[PDB]
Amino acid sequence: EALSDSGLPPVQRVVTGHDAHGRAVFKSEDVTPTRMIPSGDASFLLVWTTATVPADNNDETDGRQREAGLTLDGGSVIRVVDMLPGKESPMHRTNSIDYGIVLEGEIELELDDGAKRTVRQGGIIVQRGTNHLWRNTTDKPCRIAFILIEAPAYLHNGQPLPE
């Protein structure tokens, strides 16, 4: 419980579960800052993961503390990413569909060949396994919640794309 390294508020996480009596109860609650990555471009927080999709509500593991699996981008991931002003992410593609929700500020999404657009605060991105980067061209941080869900490699003319 400190301000995030981006200068934005820490994030409350509330996790539910079942007790020994099969009742729905609160499992954990915490308020935790996003923290700076080495590049200094973004401040982030992992919130949860599932080892598989479909998920397992009999898996009592804390998703924030789960050992690394096999399948790159296997299962699901929810994290919070604070893009810092004047910064951008590395361009890349993943084997997933991602739902991105702009919580605070706004963000420039750039795809292939210079294509780009702005996603305003409250906006949602459906990222369908596309090559992209995120760029903050504003003077304030932008917070985005990302949910990444396993999908096979995208098939172009029945084959994987070049990286």
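The numbering used is simple: start at 1 and walk along the sequence shown.
Mean CA B-factor, 132-140 versus 60-68: the higher value falls on 60-68. Legend: mean Cα B-factor per stretch from the PDB entry, 3-11 versus 153-161; the higher mean is in 153-161. Among the modelled residues of its chain, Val80 has a C-alpha B-factor that falls in the lowest third according to the deposited record.
In this PDB entry, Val25 carries a Cα temperature factor that places it within the middle third of its chain's modelled residues. Sort the chain's modelled residues by C-alpha temperature factor and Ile101 lands in the lowest third, per the entry. Ranked within its chain, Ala115 lands in the highest third, by CA B factor from the PDB record.
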